[PDB]
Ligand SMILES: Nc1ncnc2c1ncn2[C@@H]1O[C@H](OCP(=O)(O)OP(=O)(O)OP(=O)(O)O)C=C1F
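The chain that follows stands alone, in the form solved without the named molecule, written as structure tokens.
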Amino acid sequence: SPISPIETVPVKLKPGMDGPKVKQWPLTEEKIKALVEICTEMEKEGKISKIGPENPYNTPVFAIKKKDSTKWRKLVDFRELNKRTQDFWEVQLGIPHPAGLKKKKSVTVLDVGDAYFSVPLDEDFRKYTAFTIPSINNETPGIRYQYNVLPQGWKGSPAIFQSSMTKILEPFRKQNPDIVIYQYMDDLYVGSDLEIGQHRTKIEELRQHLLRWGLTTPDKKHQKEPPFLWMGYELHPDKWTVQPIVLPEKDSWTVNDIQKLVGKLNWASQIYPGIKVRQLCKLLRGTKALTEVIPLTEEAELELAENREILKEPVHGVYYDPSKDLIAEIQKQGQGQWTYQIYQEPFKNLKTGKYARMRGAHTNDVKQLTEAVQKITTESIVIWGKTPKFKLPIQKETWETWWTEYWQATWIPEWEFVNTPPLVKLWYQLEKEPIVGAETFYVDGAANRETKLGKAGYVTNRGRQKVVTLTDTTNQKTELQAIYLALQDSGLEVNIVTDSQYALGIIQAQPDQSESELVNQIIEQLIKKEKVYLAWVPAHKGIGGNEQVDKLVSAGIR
């Protein structure tokens, strides 16, 4: 096999460290024989070279037989060398997404053979790779070899190979700007817009260019044919999709079956719109053993059935046209679940996806919708280099009211309202000014850190009063209870004063959903009112009303 003429990547061990010196474990005679055969063959091919006992480095070797077969393989345990080798730059920083692939008349898949073996290893680094085929039991010095090419399993290989294949392809990429070459691991994806003619031909000058460099590739007849199965996808010439998704019908479901299930659904979610996974994931919470069986919940069952239906019939995605624009559409699916589709031409999707996220404890659809827009935006830049134009289910006034008054800076790129229910809205607004002729509840909460006992109450100004006891609470929990209380006993309009910045904060953000039922109970209330005003005061500052709810709740607590 050719061993590339290419220049060498200088390599180094990690500062203050010297090459490995690991002892070879005595081997069986059959194993020693197997290796001697494999090694003499590799040496014949240039791949390895014999050395003396002056080189003091060593990495263990082993010989693994076959499952079904009668061949032998040599395994080198490069763990120690790896742990001493300098760090390299990261190979690839992401993988291409098919939805980002521009359509080309012809594409051919070329896989380099014996990739690592086709590339030389830094001459001064070769020593550190020394290994020994031990002799029959104790007696006799072993046979010592060292690598000349990039060894399988060593830290720098994937990186060095890729750099080499970058340097080698350059020249040809100059005199061939119109041709697309994807470099993925030890594969090359070559596509052009010519007629098979200058293509089947151009792909031949390419191979030739590679051979001058020690790199062998397949030839027509061996060259893969479309639809390319790659990385879980099916690349046809005018569409793409995920590879066959089969959902197991099953009596009992174990944790392990659901995990695999959730996984396939998530993968299908990139092209099948509407896939939901929430109810199925809930079942994976706190989970027991991998083999433990889990009785599907009714919601989990309805989620499942809905998924099989989406999956009955196939769906595909289109490739990318750089001239047209990107449109992203999002929809609220429910329980914090969102779904989107990206297209350039109405309803011919490049891709799909979903957003669940719980960015916080208490939140709302308006914040959620804008988290989803960010996630999609980032994603677009990654796949296409530009942002999409959005069509969101939120009225342009809801957004404006929300953005404008909210404390945090936000900013949705270019968008437009599209009337697809459920529509995103705020379910309540707090007055900006005290409601005249409405009762003013002055609320308070307190808890004994020692007994974890609390009291929550209010003293209004219409003479009313109240105090409830709570058992394993906190100051936070009692302060929210006191507000809830005040909201239960007050009717359509209320002014509420608290000295809790915490409950204030939560409430002023218009949450519509929370991890705390107490918080959800308050929400249900806030939505029922006609008008609620809410204000804050310092505590332990003898403030009219404050020092009064403060004395009530303090008693029996502190």
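Residue positions are given as counts along the sequence shown, with the first one as 1.
Worksheet entry | 403-411 versus 268-276 - greater average Cα B-factor per the deposited record | Stretch with the higher mean C-alpha B-factor: 403-411.
Worksheet item: Comparing 379-387 with 201-209, which has the greater mean CA B-factor as deposited?
Response: Per the PDB record, 201-209.
Worksheet item: Quick one: which of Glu37, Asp499, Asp512, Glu515 has the biggest Cα B-factor according to the entry?
Response: Max CA B-factor in the entry, restricted to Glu37, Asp499, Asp512, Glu515: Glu515.
Practice prompt. By the entry's C-alpha temperature factors, tell me which of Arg359, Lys466, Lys396, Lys74 sits highest.
Written response: Top of the list by C-alpha B-factor: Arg359.
Worksheet item: Looking at the C-alpha B-factor of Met165, is it in the lowest, middle or highest third of its chain?
Response: For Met165, the deposited C-alpha B-factor lands in the middle third.
Worksheet entry | Chain-relative CA temperature factor third for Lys127 | For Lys127, whose C-alpha B-factor we compare with every modelled residue in the chain, the answer is the lowest third.
Discussion item. Using only modelled residues of the chain, where does the Cα B factor of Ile294 rank: lowest third, middle third or highest third?
Written reply: Middle third.
Item to complete: Ordered by C-alpha B-factor within the chain, which third holds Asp444? Give me lowest, middle or highest, please.
Response: Middle third.
Worksheet item: Lowest, middle or highest third of the chain for the C-alpha temperature factor of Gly545?
Response: For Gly545, the deposited C-alpha B-factor lands in the highest third.
What comes next is about the form deposited with the named molecule bound, which is not displayed.
Discussion item. Can you pick out, from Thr378, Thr410, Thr254, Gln152, the residue that has a heavy atom within 4.5 Å of the named molecule in the deposited bound form?
Written reply: Exactly one listed residue reaches within 4.5 Å, namely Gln152.
Item to complete: Consider the chain as shown here, without its partner, and state which of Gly142, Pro422, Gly113, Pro314 has a heavy atom within 4.5 Å of the named molecule in the deposited bound form.
Response: Partner contact (heavy atom, 4.5 Å) among the options: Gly113.
Worksheet entry | Region of this chain that lies against the named molecule in the deposited bound form, out of 484-492, 104-112, 451-459, 265-273 [heavy atom, 4.5 Å] | Selected range: 104-112.
Discussion item. With the distance limit set at 4.5 angstroms and only heavy atoms considered, check whether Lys71, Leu75 and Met185 all reach the named molecule in the deposited bound form.
Written reply: Every residue of the candidate spot has a heavy atom within 4.5 Å of the named molecule in the deposited bound form.
Worksheet item: Wondering, does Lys44 line up within 4.5 Å of the named molecule in the deposited bound form on heavy atoms?
Response: The answer is no: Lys44 has no heavy atom within 4.5 Å of the named molecule.
Worksheet entry | in the deposited bound form, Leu518 touching the named molecule (heavy atom, 4.5 Å) | Output for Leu518 is no: heavy atoms all beyond 4.5 Å of the named molecule.
Discussion item. Even though the partner isn't displayed, in the deposited bound form is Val36 close enough to the named molecule, meaning a heavy atom within 4.5 Å?
Written reply: Contact with the named molecule, no.
Worksheet item: Can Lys174 be called a contact residue for the named molecule in the deposited bound form at 4.5 Å between heavy atoms?
Response: Contact with the named molecule, no.
Item to complete: Quick one: name the residues from 42-72 with any non-hydrogen atom within 4.5 angstroms of the named molecule in the deposited bound form.
Response: If the 4.5 Å heavy-atom criterion is applied to the named molecule in the deposited bound form, 42-72 yields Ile64, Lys66, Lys71.
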